[PDB]
Amino acid sequence: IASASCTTXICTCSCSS
Amino acid sequence: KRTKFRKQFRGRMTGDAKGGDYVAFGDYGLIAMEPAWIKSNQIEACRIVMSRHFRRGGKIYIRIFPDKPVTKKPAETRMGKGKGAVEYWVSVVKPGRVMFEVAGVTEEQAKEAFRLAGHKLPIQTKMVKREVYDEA
Amino acid sequence: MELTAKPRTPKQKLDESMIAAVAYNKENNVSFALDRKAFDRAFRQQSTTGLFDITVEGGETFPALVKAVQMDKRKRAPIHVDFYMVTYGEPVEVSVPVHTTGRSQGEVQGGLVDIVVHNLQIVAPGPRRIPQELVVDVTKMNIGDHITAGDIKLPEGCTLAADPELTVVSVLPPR
Amino acid sequence: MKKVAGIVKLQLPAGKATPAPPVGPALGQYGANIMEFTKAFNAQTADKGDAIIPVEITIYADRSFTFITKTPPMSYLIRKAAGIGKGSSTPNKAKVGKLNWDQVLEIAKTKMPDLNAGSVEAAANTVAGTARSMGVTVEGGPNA
Amino acid sequence: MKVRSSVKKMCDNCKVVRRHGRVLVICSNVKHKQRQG
RNA sequence: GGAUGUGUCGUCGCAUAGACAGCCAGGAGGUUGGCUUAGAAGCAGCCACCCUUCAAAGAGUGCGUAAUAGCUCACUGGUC
């Protein structure tokens, strides 16, 4: 339900670009 | 498990199986190879175990109900008469007998449905299958 | 099956792998004692709807059907047997096994088909041509479909000894 | 930002932009621009608007990246072809529906550059098994 | 090491060996390392 | 209760028209199968486990991740 970088369907994940 | 109504007490003695057929109600079955006293609560221990391994079909037969009241030490004494009508209930299995016999699940899904079910019994048992044709 | 001896004393075998039977009809009720293993590998197939050559030591081929075998407890091992010499036009009545075939419309559905009665005995079989089995439908069967003897097709001639309306099988539900 | 390449596949929907759960870090954390994707990809998602087409990617490095679109979800239009917008719990106990072979002509007419099967019948019976276990019946066939 | 009375395989690597008068379990995975003694 | 510790009887079994274990190489496309989920793609859990090609390669062993992925298996050929 929360994290940074780490799921497929709600919205977090990780980070950069 | 427990019987519904009766007399109350008993005794104790032994001689090998006498009315534990073989095939009947199933394709696979478990047989006890030693003279024991199956505690009702050691049956539940099987049934349930056996269930889990299966999901549905419920092709499990427990043809060994507990017709036998046992007793106990009220705490210690000795000065009084017979005791503990309610310690628990037992079902005397004898060699060759058939407590279990699932039917319908895979040969394997049957050799595990017992393995486990056998790990909680006071004696040694082996599984069986067919060619059992005495009376029908 | 070459059984040879037949004395009342089974010593000379009880150790030596050898079963001990007896066969008859009403005429001769000859004493018998065949080989364990042989019969052990034998009866398997033919069961009790299977007749085999009985050339007792001396050369006298005989015909008979498996009557009643009483095996050891504690040991699925068998000990005694009964052979009922085949007749010609009538043996008596026999015990025939119920068999399922083709996936049932109950299995996949949500339940499992159960065979209430395993083997089944029918009046008169007719010696020379006696069903060593009995395939049966199951497919149609759905959510609590009972099939009785008065349903199963019959092998041209044989008559059902078992009550017809009797549940030979029935698709069992889940749980 | 650096020199690192290789490949990475995915399955982003058709006419829909990706915020952060489809890409963002997903492949963004490799030196690849999404903005320049929310439009490039979702551009051709137009002909095939309404679905989740499958799309491979290919990294070189820097601010470089490619992509190849494929065939979209045909589960959508089918649901729309029996009035049901959500798959079946049990496909063999409670089924969704049934169809005709005609629309099955176009199926193999878009899925072609994927289907490597033999000749026609080949892929005519491949989609059967698929249709088979999703939850639908095969109309017509042998003899009759 | 896992000294258990009931020593038995735990995956297709558990190589049940008989070293000095003892029954053991060398498995690619170590937590699988068993040994009655 | 456990274990390729030895002795002896029985059962399948599978097999120079060249198996088992070893080895080089392969491995499928549908499909991240449908179903379910915040997502799970051979591998948390229902349903099934069909199709195509082939010498082959099974909607699937287990390990592994937030699923991906990666790593091997069952099936295939040559070397003995």
# chains A, B, ... in the order shown; residues from 1 in each chain; ligands from 1
$ closest_atom_pairs --of "chain F" --to "chain D" --cutoff "8 Å" --atoms "only C-alpha atoms (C1' of nucleotides)" --output "CSV"
residue,atom,partner,partner_atom,distance
F:29,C1',D:116,CA,6.0
F:30,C1',D:126,CA,6.3
F:33,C1',D:130,CA,6.4
F:34,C1',D:134,CA,3.7
F:35,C1',D:89,CA,5.1
F:46,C1',D:90,CA,6.9
F:47,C1',D:90,CA,5.2
F:48,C1',D:133,CA,6.2
F:50,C1',D:129,CA,4.0
F:51,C1',D:126,CA,3.2
F:52,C1',D:117,CA,4.3
F:53,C1',D:117,CA,5.8
$ write_last_selection --atoms "C-alpha atoms (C1' of nucleotides)" --output "PDB file, in the first residue's frame"
ATOM      1  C1'   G F  29       5.051 -19.985 -30.237  1.00  0.00           C
ATOM      2  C1'   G F  30      -0.271 -19.231 -28.438  1.00  0.00           C
ATOM      3  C1'   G F  33      -3.678 -19.817 -20.065  1.00  0.00           C
ATOM      4  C1'   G F  34      -8.661 -17.810 -17.982  1.00  0.00           C
ATOM      5  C1'   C F  35      -9.641 -17.114 -13.155  1.00  0.00           C
ATOM      6  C1'   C F  46      -9.710 -21.509  -8.005  1.00  0.00           C
ATOM      7  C1'   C F  47     -10.526 -23.916 -13.208  1.00  0.00           C
ATOM      8  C1'   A F  48      -8.563 -26.626 -16.760  1.00  0.00           C
ATOM      9  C1'   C F  50      -6.348 -27.674 -25.248  1.00  0.00           C
ATOM     10  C1'   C F  51      -3.903 -25.926 -30.015  1.00  0.00           C
ATOM     11  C1'   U F  52       0.563 -25.523 -33.658  1.00  0.00           C
ATOM     12  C1'   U F  53       5.326 -26.990 -35.389  1.00  0.00           C
TER      13        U F  53
END
$ interface_residues --of "chain E" --to "chain F" --cutoff "8 Å" --atoms "only C-alpha atoms (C1' of nucleotides)" --output "list in words"
residues 5, 6, 7, 8, 16 and 23 of chain E
$ interface_residues --of "chain B" --to "chain C" --cutoff "7 Å" --atoms "only C-alpha atoms" --output "ChimeraX atom specification"
/B:33,55-58,95-96,134
$ residues_around --residues "residue 14 (chain A)" --least-positions-apart "2" --cutoff "7 Å" --atoms "only C-alpha atoms (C1' of nucleotides)" --output "PDB file with N, CA and C atoms, in the first residue's frame"
ATOM      1  N   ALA A   4       8.791   2.715  -1.689  1.00  0.00           N
ATOM      2  CA  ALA A   4       9.359   3.432  -2.830  1.00  0.00           C
ATOM      3  C   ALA A   4       9.987   2.348  -3.738  1.00  0.00           C
ATOM      4  N   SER A   5       9.456   2.310  -5.009  1.00  0.00           N
ATOM      5  CA  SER A   5       9.922   1.282  -6.000  1.00  0.00           C
ATOM      6  C   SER A   5       9.438  -0.039  -5.656  1.00  0.00           C
ATOM      7  N   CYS A   6       8.260  -0.553  -5.894  1.00  0.00           N
ATOM      8  CA  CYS A   6       8.074  -1.785  -5.352  1.00  0.00           C
ATOM      9  C   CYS A   6       6.843  -2.488  -5.502  1.00  0.00           C
ATOM     10  N   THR A  12       3.586   3.359  -6.397  1.00  0.00           N
ATOM     11  CA  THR A  12       4.952   3.625  -6.031  1.00  0.00           C
ATOM     12  C   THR A  12       5.945   2.765  -6.818  1.00  0.00           C
TER      13      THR A  12
ATOM     14  N   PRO D  25       9.607   4.640 -12.543  1.00  0.00           N
ATOM     15  CA  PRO D  25      10.915   4.052 -12.288  1.00  0.00           C
ATOM     16  C   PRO D  25      11.048   2.879 -13.255  1.00  0.00           C
TER      17      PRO D  25
END
$ residues_around --residues "region 101-103 of chain D" --least-positions-apart "3" --cutoff "9 Å" --atoms "only C-alpha atoms (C1' of nucleotides)" --output "list in words"
residues 106, 107, 138, 139 and 140 of chain D
$ write_last_selection --atoms "N, CA and C atoms" --output "mmCIF file, in the first residue's frame"
data_model
loop_
_atom_site.group_PDB
_atom_site.id
_atom_site.type_symbol
_atom_site.label_atom_id
_atom_site.label_comp_id
_atom_site.auth_asym_id
_atom_site.auth_seq_id
_atom_site.Cartn_x
_atom_site.Cartn_y
_atom_site.Cartn_z
ATOM 1 N N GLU D 106 -10.452 -12.772 -38.463
ATOM 2 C CA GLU D 106 -9.668 -11.554 -38.190
ATOM 3 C C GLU D 106 -8.658 -11.768 -37.050
ATOM 4 N N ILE D 107 -9.038 -12.596 -36.076
ATOM 5 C CA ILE D 107 -8.200 -12.926 -34.922
ATOM 6 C C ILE D 107 -6.820 -13.316 -35.415
ATOM 7 N N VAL D 138 -17.153 -23.474 -28.491
ATOM 8 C CA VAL D 138 -16.823 -23.500 -29.924
ATOM 9 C C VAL D 138 -18.027 -23.852 -30.793
ATOM 10 N N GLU D 139 -18.505 -22.872 -31.551
ATOM 11 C CA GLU D 139 -19.639 -23.100 -32.431
ATOM 12 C C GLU D 139 -19.248 -23.923 -33.666
ATOM 13 N N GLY D 140 -20.193 -24.731 -34.144
ATOM 14 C CA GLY D 140 -19.960 -25.541 -35.326
ATOM 15 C C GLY D 140 -18.705 -26.387 -35.286
#
$ interface_residues --of "chain D" --to "chain A" --cutoff "10 Å" --atoms "only C-alpha atoms" --output "ChimeraX atom specification"
/D:1,19-34,63
$ write_last_selection --atoms "N, CA and C atoms" --output "PDB file, in the first residue's frame"
ATOM      1  N   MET D   1      22.378   9.094 -18.848  1.00  0.00           N
ATOM      2  CA  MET D   1      23.240   9.482 -17.687  1.00  0.00           C
ATOM      3  C   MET D   1      24.531   8.672 -17.704  1.00  0.00           C
ATOM      4  N   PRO D  19       1.488   6.996 -15.561  1.00  0.00           N
ATOM      5  CA  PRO D  19       1.872   7.953 -14.515  1.00  0.00           C
ATOM      6  C   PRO D  19       3.176   7.656 -13.780  1.00  0.00           C
ATOM      7  N   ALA D  20       3.223   6.498 -13.127  1.00  0.00           N
ATOM      8  CA  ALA D  20       4.386   6.078 -12.352  1.00  0.00           C
ATOM      9  C   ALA D  20       4.314   4.584 -12.002  1.00  0.00           C
ATOM     10  N   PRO D  21       3.103   3.985 -12.051  1.00  0.00           N
ATOM     11  CA  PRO D  21       3.005   2.551 -11.746  1.00  0.00           C
ATOM     12  C   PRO D  21       3.297   1.698 -13.002  1.00  0.00           C
ATOM     13  N   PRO D  22       3.150   2.284 -14.218  1.00  0.00           N
ATOM     14  CA  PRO D  22       3.451   1.459 -15.396  1.00  0.00           C
ATOM     15  C   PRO D  22       4.943   1.646 -15.734  1.00  0.00           C
ATOM     16  N   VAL D  23       5.403   2.900 -15.717  1.00  0.00           N
ATOM     17  CA  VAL D  23       6.806   3.206 -16.012  1.00  0.00           C
ATOM     18  C   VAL D  23       7.513   3.941 -14.865  1.00  0.00           C
ATOM     19  N   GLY D  24       7.488   5.276 -14.901  1.00  0.00           N
ATOM     20  CA  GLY D  24       8.145   6.070 -13.874  1.00  0.00           C
ATOM     21  C   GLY D  24       9.504   5.465 -13.589  1.00  0.00           C
ATOM     22  N   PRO D  25       9.607   4.640 -12.543  1.00  0.00           N
ATOM     23  CA  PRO D  25      10.915   4.052 -12.288  1.00  0.00           C
ATOM     24  C   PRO D  25      11.048   2.879 -13.255  1.00  0.00           C
ATOM     25  N   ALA D  26      10.003   2.041 -13.279  1.00  0.00           N
ATOM     26  CA  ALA D  26       9.917   0.835 -14.116  1.00  0.00           C
ATOM     27  C   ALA D  26      11.087   0.691 -15.082  1.00  0.00           C
ATOM     28  N   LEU D  27      11.136   1.571 -16.074  1.00  0.00           N
ATOM     29  CA  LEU D  27      12.224   1.550 -17.041  1.00  0.00           C
ATOM     30  C   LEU D  27      12.815   2.954 -17.123  1.00  0.00           C
ATOM     31  N   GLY D  28      12.169   3.883 -16.420  1.00  0.00           N
ATOM     32  CA  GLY D  28      12.623   5.260 -16.397  1.00  0.00           C
ATOM     33  C   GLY D  28      13.966   5.335 -15.707  1.00  0.00           C
ATOM     34  N   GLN D  29      14.164   4.448 -14.726  1.00  0.00           N
ATOM     35  CA  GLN D  29      15.412   4.365 -13.956  1.00  0.00           C
ATOM     36  C   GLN D  29      16.545   3.699 -14.763  1.00  0.00           C
ATOM     37  N   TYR D  30      16.544   3.915 -16.081  1.00  0.00           N
ATOM     38  CA  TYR D  30      17.539   3.338 -16.992  1.00  0.00           C
ATOM     39  C   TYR D  30      18.031   4.349 -18.030  1.00  0.00           C
ATOM     40  N   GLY D  31      17.497   5.569 -17.966  1.00  0.00           N
ATOM     41  CA  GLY D  31      17.869   6.603 -18.922  1.00  0.00           C
ATOM     42  C   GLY D  31      16.966   6.527 -20.147  1.00  0.00           C
ATOM     43  N   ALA D  32      15.659   6.629 -19.902  1.00  0.00           N
ATOM     44  CA  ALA D  32      14.645   6.570 -20.955  1.00  0.00           C
ATOM     45  C   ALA D  32      13.489   7.508 -20.619  1.00  0.00           C
ATOM     46  N   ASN D  33      13.135   8.348 -21.587  1.00  0.00           N
ATOM     47  CA  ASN D  33      12.082   9.336 -21.415  1.00  0.00           C
ATOM     48  C   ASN D  33      10.673   8.781 -21.632  1.00  0.00           C
ATOM     49  N   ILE D  34       9.814   8.997 -20.634  1.00  0.00           N
ATOM     50  CA  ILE D  34       8.417   8.544 -20.651  1.00  0.00           C
ATOM     51  C   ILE D  34       7.495   9.516 -21.389  1.00  0.00           C
ATOM     52  N   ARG D  63      19.823   8.727 -23.639  1.00  0.00           N
ATOM     53  CA  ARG D  63      18.428   9.166 -23.650  1.00  0.00           C
ATOM     54  C   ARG D  63      17.803   8.415 -24.826  1.00  0.00           C
TER      55      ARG D  63
END
$ residues_around --residues "residue 101 (chain B)" --least-positions-apart "6" --cutoff "9 Å" --atoms "only C-alpha atoms (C1' of nucleotides)" --output "list in words"
residues 22, 23, 24, 25, 26, 27, 28, 29, 30, 31, 59, 60, 61, 62, 63, 110, 114, 127, 128 and 129 of chain B
$ residues_around --residues "residue 145 (chain C)" --least-positions-apart "3" --cutoff "8 Å" --atoms "only C-alpha atoms (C1' of nucleotides)" --output "list in words"
residues 141, 142, 170 and 171 of chain C
$ select_by_dssp --residues "chain E" --states "strand (DSSP E or B)" --output "ChimeraX atom specification"
/E:2,15-19,22-26,34-35
